[PDB]
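Structure record follows, encoded as structure tokens.
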Amino acid sequence: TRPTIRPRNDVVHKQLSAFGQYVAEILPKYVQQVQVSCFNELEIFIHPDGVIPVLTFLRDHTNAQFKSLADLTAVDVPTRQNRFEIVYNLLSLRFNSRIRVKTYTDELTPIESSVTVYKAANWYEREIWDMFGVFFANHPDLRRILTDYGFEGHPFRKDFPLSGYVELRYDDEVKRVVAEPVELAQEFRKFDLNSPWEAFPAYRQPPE
Amino acid sequence: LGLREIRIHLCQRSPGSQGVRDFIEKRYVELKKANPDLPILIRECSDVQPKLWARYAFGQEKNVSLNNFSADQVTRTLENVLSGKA
Amino acid sequence: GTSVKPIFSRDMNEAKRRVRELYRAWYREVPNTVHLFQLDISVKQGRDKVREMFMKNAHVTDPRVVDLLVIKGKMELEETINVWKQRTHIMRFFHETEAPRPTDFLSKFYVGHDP
Amino acid sequence: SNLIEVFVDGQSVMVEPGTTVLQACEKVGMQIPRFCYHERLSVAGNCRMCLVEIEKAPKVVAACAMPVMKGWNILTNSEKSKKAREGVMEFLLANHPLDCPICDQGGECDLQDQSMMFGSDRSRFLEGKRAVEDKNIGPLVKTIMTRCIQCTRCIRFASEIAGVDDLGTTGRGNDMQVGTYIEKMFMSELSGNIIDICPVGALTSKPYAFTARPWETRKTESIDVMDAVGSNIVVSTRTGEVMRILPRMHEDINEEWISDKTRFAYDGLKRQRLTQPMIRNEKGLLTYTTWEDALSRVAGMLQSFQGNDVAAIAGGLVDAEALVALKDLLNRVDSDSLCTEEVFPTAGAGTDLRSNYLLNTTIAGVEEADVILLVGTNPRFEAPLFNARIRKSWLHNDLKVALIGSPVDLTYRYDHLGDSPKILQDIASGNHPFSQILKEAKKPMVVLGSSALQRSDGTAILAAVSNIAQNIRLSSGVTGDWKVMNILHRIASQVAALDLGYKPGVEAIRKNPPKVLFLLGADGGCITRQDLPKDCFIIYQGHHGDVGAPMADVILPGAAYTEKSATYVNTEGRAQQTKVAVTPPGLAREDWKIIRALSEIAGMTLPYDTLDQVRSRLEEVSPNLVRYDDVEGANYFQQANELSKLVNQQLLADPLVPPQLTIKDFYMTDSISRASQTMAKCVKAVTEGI
Amino acid sequence: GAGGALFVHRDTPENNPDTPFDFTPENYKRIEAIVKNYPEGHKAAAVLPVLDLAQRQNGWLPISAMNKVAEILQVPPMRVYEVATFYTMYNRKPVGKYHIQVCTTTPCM
Amino acid sequence: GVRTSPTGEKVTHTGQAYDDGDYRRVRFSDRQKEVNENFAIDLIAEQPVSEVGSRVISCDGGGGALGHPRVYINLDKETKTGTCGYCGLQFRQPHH
Amino acid sequence: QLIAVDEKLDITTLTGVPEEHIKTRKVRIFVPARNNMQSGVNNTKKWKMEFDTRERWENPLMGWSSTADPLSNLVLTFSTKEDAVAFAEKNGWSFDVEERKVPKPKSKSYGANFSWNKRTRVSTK
Amino acid sequence: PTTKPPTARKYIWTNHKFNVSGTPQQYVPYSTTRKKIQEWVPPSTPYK
Ligand code: SF4
Ligand code: SF4
Ligand code: FES
Ligand SMILES: [Mg+2]
Ligand SMILES: [Zn+2]
């Protein structure tokens, strides 16, 4: 089991479980779940109303001191009633640790902006709004960041087609760049790669 | 005026078609004896409503509801459709 | 109460008032847009385009959707005023190059298979 | 209850006695590896891939053949089970050929997948591999026997499902080979299914060879229209071209199988295709034309005549939407001469009551009957999956089968009563020995083929069969909702046309010949220009150039069943809908769209513009045409039987001979299969085996 | 070493379905007695002796002999082919008048 | 093994050639059509059949690890040679 | 505080999809059928939502397969049928739903291969 | 290649060619596959 298998670290697992219990105890009002993965990553699932408190705690508590916001992003899962999942990755330099905070929202429910807690969030939230259409309340300047001016739709959503809806070309009659409905000389070839046999028995779901 | 075909759309188990069902199982045959050349299409309705269709020359057709009718009511409306009486 | 929280407006009246504010701002901005971008259209043409764009979403009855539409329209106006957009972006609202697609049954049948 | 408690990995499951370890494991979502076990075949137990560990038992057991005991704990993922799987896969791969890049089973191999999920990743086999010569079993199934793993699935399928005992094993030990031991063709109307059951590339499809890979294909779930069975199928396309047809599992219609005509006649959709509208020029020859001018010509000719002067004949592959559109279009002209080439008697009830022309017992109900009487039909070629269901009930339920007609080979032994129709009357009379047999039966079934109704005395035959069914119902009483009387259709478009009110048969047109004739895919040759007045305007609308197209004045190219979302009704009355896999070639258009455009040009615009609206019209005419999996219906046998007694037409002293008498007649029945080059090869191979 | 012989049949002037083979009337009496040994409704159980009987009359087993046995016992010919190719006492190729078999297994080795 | 179309166009080894009425030939005006001159079917047909003294032969295409995956060919049929499924080389046993 | 919207959910005006690809599109909600070439059933667990097939033609250059509809390759995965229906309704697409087809429980018996009097006795193994 | 010559093959070009872009010898792409669907051919004889 030695050469080709990634080794385990039970000490970090125990420490992360203890700190997850600690955070859940201190903030019962917003914490809904705590997990530690098999590769020692701590995850905290919270109610959407606790974004500002929990993060503030994790930034300012003497035992947390998660001063750095490494990354903030969203995940689109259409089968869920709350379509969008907001993920915050935080780094603590004092204790040399990383934590993850996850909440949820849908297309119409705004999420409170965390610019006051972390300045770094300012662009990330913008990007989320650009790519998924999640509105952030009380954002100092919330606008598109990555897409073209006047772009309609949110590309990172699962129902958004890969090639989009419009394409650009220069037209000499009007002497300018114009947008037209997308047309492809070669259509993208969809591949069915999934095997009809189960791969991981440990992740099997109840058959209802 | 010129009738071409008639359709009875009756729902199989709903109570509102019960009388219509009775018609089909009591006095449809006699009617088919009386009109041996008139298409009388018996078709099965959904859970919604029973009704009767009547088609005339040049594709004009009209429908009448048969909900909660009786055997007497359905033969009365059928004979009204058959004759030049509404 | 359906457990839904607002963005800005709590009923249709506040959403309508925000719509009217945005419409006023766009109507005021149109002549400045025509002058700055050096567009070959009249002020009346641009204002009719604004009216059409506003009426395209006239069927909405959800205050949250109206709120998000007003927010997107505000971003569009802020893009236009600051000259972040270019003449190409502004003129994409008119589809001058696109050939009009016929709407009656016979033309669709003659050209192809699309309904 | 009778259920016993077992444990799968410590989880409690309640199962009926006789359940095997494999079924108990799959009751909790665990699929045991398998190669030789198929749930529709007899248990083999030879591949040994399914070996699983039972707690407190030193020996692993074959899950596919081992009934679960009370209190057993099945350990599907213990070290013993994993080691058994690895060893069995090692043995399987020891002599397997390094053929994956040139094998058509490439991305679809159970051997490959179960090696990746349950086997090892290396090889310690340091010897030379074995090689086996190939066997030729016909043009449909390509054989490369080096890839065979000797699971004997094909042998069991042939012996049980197909009723053909030509496949077997010769030799023993390592040099044991699956074949026929002689140069013999494996001809069966269900012979192609052995390609699907074979887990490896030992048996593959010859027409499909080397053309596509499974990951490239886009799968469209559709309905087969080559018979009235309505088998659920998958059309696999790639870059807008049909690659192959596969079975789609429907437990009540086709189970897991399709017919050879269903599987291998798709290439006929690329051979003689109508792509552009055509008209006659000054020289009397067909020449290409725009849609506008052809539609204007047809509309101008339609505006002139009216009433009885306009008639239409529907073909065998016509959808319900096109049928209703044509019905409406001809009704606006005040015409009622809407006919089908297939003949169904109109005396008494005729098409007035649905159960008069349906398979009322349904296909799944065959597995409940204790006796079945077949009259004037060859179910093997008319409805191969219906015959497969009959064979399955004959094998498992000990079903008793009798036939009146030509003594054809049905792949199962039956009691042959003869081919004289008078025998039917004798059975009704009670003089015949078989009549008693029907009386003792709890669930008798009588099936009358629509092919016997094509002859002159079809009404008399139907009356006699109804008399037999009524005698059974009167003697034995009403068992319940059993529906003794049945009609077996062979045309995919017939039942929908009868539901919509089309007149069965052509006799209405022969009685009053028309001036304008619509041939909606009518390629049967029932009506020619000798039976019509001269200067008759014939309009053909279809997808193939066949016997009906050259005799037309205007040709309108239509879509095939793979190119539209269309509704077809089963022989048991079940409505189903196809899906678009590819668009029609060239200028070809959807049929109902063609009829609606023609109506708009001619001035009598139809009230529907989209598919949803035309299906709403379908519901208005016959509500059962929008219930897309329902098969339940009413029993109006009493009224039809009473109305069939008022006509006393005499029977004919002519023996019943089905149109399909041997396998050679099976391959080409409609325009698509006649245009298919694979069916030409099948006919040539059957006529001369060489 | 290896098997050497082949388990497929190819037609040949000396071995084909039209090759003349039939049972002698006394061999038919023997076949009747053999068939009488097994329960009614199980006649395939007689393929092993009857086939062997053919090999005793003819000296080997042509394809016509297998076909005749299958026709007599009303079994599919493929089953008779399987029996003939499975068992090594059956000669699917002509042999000499005196067929010499030498045991070479470990006790005799 | 190139042949000439009735219109004068070279025919590729796949057999493709535009018809007389096909406008797509205009792309070759003032330019050329690219046709590979070495036909693999004709080239592989020239190879002599290898006589071997065994029922089963092995083929890897030559070059060891520089060829194709090693496969084993049965040579029990006397009316037809054994063909490699990768390389096309033919093998047979001594007959006659 | 909450505002109690009692309307039907409709995000059509926010997705930026052209109105052609909202009103004239028909989606299919279904559990995909098992590939008949393999016995594995792992690809028949989830629900799929797909769009109606549109026209594909041949490229005048190189003969490739050209399309004109952006939803040709859009396939969505859902855990239950109700989730797929809710997604389709809130996106404004008209849908057709096919019920799940599950194989019936079979009655297998190895000993049946050797019946004394029944028809299920096999002739070879 | 004077001291270590390459292997000789019958299909190897005996005459090297430079980049021929912009000359009449330039490569022009085309579809190498045959026609997919064959159309019905009407009879040459009149029907009436
Ligand atoms: S059958 Fe499967 S494992 Fe065998 S060569 Fe073909 S793809 Fe490979
Ligand atoms: S040919 Fe295929 S199905 Fe038949 S025994 Fe061999 S591997 Fe099994
Ligand atoms: S699946 Fe059980 S032994 Fe083959
Ligand atoms: Mg296979
Ligand atoms: Zn080779």
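Lettering of chains follows the sequences in order, A, B, ..., and the numbering in each one begins at 1. Atoms considered below: every heavy atom in the structure, side chains included; atoms not considered: hydrogens, waters and symmetry mates.
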(request) Would you give the length of the straight line joining atom NE2 of C:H59 to atom OG1 of G:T12, rounded to the nearest 0.5 angstrom? (result) 6.5 Å

(request) Evaluate the side-chain contact (heavy atoms from CB on, under 4.5 Å) criterion for residues G:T13 and C:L69: first the C-alpha distance (whole Å), next the side-chain angles of each, then the deciding distance (0.1 Å), finally the verdict. (result) CA-CA 8 Å; G:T13 57; C:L69 290 178; 3.9 Å; yes

(request) Locate the shortest heavy-atom distance separating G:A4 from C:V4; write the atom from each residue and the value. (result) N-CG2, 4.0 Å

(request) Give, as side chain, backbone, both or neither, the part of C:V60 having an atom under 4.5 angstrom from any heavy atom of chain G. (result) side chain

(request) Assess whether atom CZ of G:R121 is packed by more than 12 heavy atoms of other residues, nucleotides or ligands within 6.0 Å. (result) yes

(message) Counting only heavy atoms not in G:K104 (residues, nucleotides, ligands), do more than 12 fall under 6.0 Å from its NZ?
(response) yes

(request) Assess whether atom CZ of C:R51 is packed by more than 12 heavy atoms of other residues, nucleotides or ligands within 6.0 Å. (result) no

(message) Measuring only between side-chain heavy atoms, which start at C-beta, is C:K56 closer than 4.5 Å to G:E19?
(response) no

(request) Identify which part of G:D69 has an atom lying under 4.5 Å from any heavy atom of chain C, answering side chain, backbone, both or neither. (result) neither

(message) Looking at G:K46, I want to see if its NZ is surrounded by more than 12 non-hydrogen atoms of other residues, nucleotides or ligands under 6.0 Å.
(response) yes

(request) Look at atom CZ of G:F95 and say whether more than 12 heavy atoms of other residues, nucleotides or ligands are closer to it than 6.0 Å. (result) yes

(message) Using modelled atom types and a 3.5 Å cut-off, is there a donor and acceptor pairing between side-chain atoms of C:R10 and backbone atoms of G:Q1?
(response) yes

(request) Locate the shortest heavy-atom distance separating G:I3 from C:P63; write the atom from each residue and the value. (result) CD1-CG, 4.0 Å

(request) Count the heavy atoms belonging to other residues, nucleotides or ligands that lie under 6.0 Å from NZ of G:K106, then report whether that count exceeds 12. (result) yes

(message) Is there a side-chain contact between C:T2 and G:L2 in this structure, where contact means two heavy atoms from C-beta onward sitting under 4.5 Å apart?
(response) no

(message) If I take atom CG from residue G:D6 and atom OG1 from residue C:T61, how far apart are they, to the nearest 0.5 angstrom?
(response) 11.0 Å

(message) Checking C:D114 now: which residues fulfil side chain to side chain contact (heavy atoms under 4.5 Å, CB included) with it, not counting sequence neighbours?
(response) G:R54

